[PDB]
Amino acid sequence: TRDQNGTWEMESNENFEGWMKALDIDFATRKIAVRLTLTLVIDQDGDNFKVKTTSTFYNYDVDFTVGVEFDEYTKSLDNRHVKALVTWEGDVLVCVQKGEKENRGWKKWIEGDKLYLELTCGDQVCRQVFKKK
């Protein structure tokens, strides 16, 4: 299904550290964030997405429209300018962030009652799994 609406609680996080390191997130921030349980709140209406990523210490928000390129400044993440584009490949939602880092972006999809998120940067892949709250 393409329906990713919901409140999603993290149950698994693979190689989060390797991915953050590939983005050059500073050593001290990584120590805090690496084992936090993340919650994703996704509001999806047609192409319009509002995604909130929350944890005890860090709260992020991004809004986008599927099919519409948007320039992003990655703020409290790695502080870079990228050109972002989110599209569908079948029922996989694919984000490409063009800029300095190669292979930068993510893919999100649903299997049963679970949301899967694959984050990529350089040669690093982080895989996260969430259950619907």
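Start at 1 and count along the sequence shown; that's the residue number.
Of the two segments examined, 91-99 and 56-64, it is 56-64 that shows the higher average Cα temperature factor in the deposited entry. Higher mean CA temperature factor between 101-109 and 23-31: 23-31, per the PDB entry.
Ranking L77, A84, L38, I42 by Cα temperature factor from the entry places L77 first. Among all modelled residues in this chain, the alpha-carbon of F49 has a temperature factor (C-alpha) in the lowest third. Sort the modelled residues of the chain by CA B factor and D123 lands in the highest third.
For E69, the recorded CA B-factor ranks within the lowest third of the chain. Only modelled residues enter the ranking. Among all modelled residues in this chain, the alpha-carbon of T7 has a temperature factor (C-alpha) in the middle third.
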